[PDB]
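Okay, so here's the structure we're looking at.
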Amino acid sequence: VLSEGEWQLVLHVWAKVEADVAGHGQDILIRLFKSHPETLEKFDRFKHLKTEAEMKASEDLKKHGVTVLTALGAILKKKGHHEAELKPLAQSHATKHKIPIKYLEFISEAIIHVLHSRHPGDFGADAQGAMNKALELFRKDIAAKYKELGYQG
Ligand code: HEM
């Protein structure tokens with residue numbers, strides 16, 4: 001678990017993301033899709049995309065990015081008390097979307113990359129560590145629901 005001081009560093013860095021949710025969301029998805037191409041194949045909605053230029057021009061992609069980051073931001077602000085908001089996402093991703101837990105690890109690495117590139121010399125190592133912990137908490141809990149259903153993969 002995180003300490004109050006660590007949760008503060010997490011929510012403080014999330015304030016930068018909320019200033020431009022659509023922007024940070026577009027950068028995250030593209031970094032994920034370009035770095036791990038297998039993840040894009042999981043989206044029937046976006047699989048027609050082939051180049052970064054095409055991904056950059058898609059308004060629908062940004063629309064879903066905002067949907068995703070909005071849901072994530074709501075979870076982080078619960079400071080660990082996310083049981084209710086994590087259940088439906090675990091059910092939908094494990095059984096309907098067929099998303100491996102490993103992909104959750106990928107998306108977590110994409111967030112740290114975006115924050116550093118977009119905020120040069122403004123994303124501290126202390127904050128990076130706090131964000132790491134919050135994301136690992138989220139993952140551990142997700143995997144617990146996945147295992148229950150019979151997935152966890
Ligand atoms: C921080 C990570 C994640 C969050 C908070 C998140 C959140 C969401 C939300 C809110 C939706 C909307 C309704 C639903 O639950 O089905 C959704 C849909 C979906 N998610 Fe995620 N997701 C995450 C990671 C992933 C990853 C890693 C993949 C794939 C590699 C993925 C694939 C999908 C797909 C395929 C859908 C439906 C897209 C569509 O056709 O509209 N998600 N996700």
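Residue numbering restarts at 1 for every chain of the structure tokens, chains are lettered A, B, ... in their displayed order, and ligands are numbered from 1 as they appear.
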Check which residues fall inside 6 Å of ligand 1 when counting only C-alpha atoms and all ligand atoms, and print them as a list in words.
residues 39, 42, 43, 45, 67, 68, 71, 72, 89, 92, 97, 99, 103, 104 and 107 of chain A
Can you check which parts of stretch 103-140 of chain A lie within 6 Å of stretch 7-27 of chain A? Per residue, the shortest pair of atoms and distance in Å to one decimal, counting only C-alpha atoms, sorted by chain and number, as a tab-separated table.
residue	atom	partner	partner_atom	distance
A:127	CA	A:9	CA	5.4
A:130	CA	A:10	CA	5.9
A:131	CA	A:10	CA	5.4
Write the residues of the selection above to a file with N, CA, C and O atoms, as an mmCIF file, in the first residue's frame.
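Written out: selection-v3.cif:
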data_model
loop_
_atom_site.group_PDB
_atom_site.id
_atom_site.type_symbol
_atom_site.label_atom_id
_atom_site.label_comp_id
_atom_site.auth_asym_id
_atom_site.auth_seq_id
_atom_site.Cartn_x
_atom_site.Cartn_y
_atom_site.Cartn_z
ATOM 1 N N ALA A 127 8.159 11.046 -7.387
ATOM 2 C CA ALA A 127 6.823 11.001 -7.974
ATOM 3 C C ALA A 127 6.682 9.796 -8.895
ATOM 4 O O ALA A 127 5.612 9.189 -8.981
ATOM 5 N N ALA A 130 6.154 6.839 -6.689
ATOM 6 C CA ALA A 130 4.810 6.815 -6.125
ATOM 7 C C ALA A 130 3.824 6.320 -7.187
ATOM 8 O O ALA A 130 2.994 5.443 -6.924
ATOM 9 N N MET A 131 3.953 6.854 -8.399
ATOM 10 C CA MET A 131 3.081 6.469 -9.497
ATOM 11 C C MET A 131 3.244 4.978 -9.793
ATOM 12 O O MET A 131 2.270 4.290 -10.108
#
What residues in chain A get the DSSP label helix (DSSP H, G or I)? Please answer as a PyMOL selection string.
chain A and resi 4-19+21-35+37-42+52-57+59-76+83-96+101-118+125-149
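We find atom CA of residue A:95 and atom CA of residue A:114 to be spaced 29.1 Å apart.
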Write out as CSV the residues of stretch 92-119 of chain A that have any atom within 10 Å of an atom of stretch 133-140 of chain A, one row each with the nearest atom pair and its distance in Å to one decimal, counting only C-alpha atoms, sorted by chain and then rising number.
residue,atom,partner,partner_atom,distance
A:101,CA,A:139,CA,7.6
A:102,CA,A:139,CA,9.4
A:104,CA,A:139,CA,6.9
A:105,CA,A:139,CA,7.7
A:107,CA,A:135,CA,9.8
A:108,CA,A:135,CA,6.7
A:109,CA,A:135,CA,9.7
A:111,CA,A:135,CA,9.8
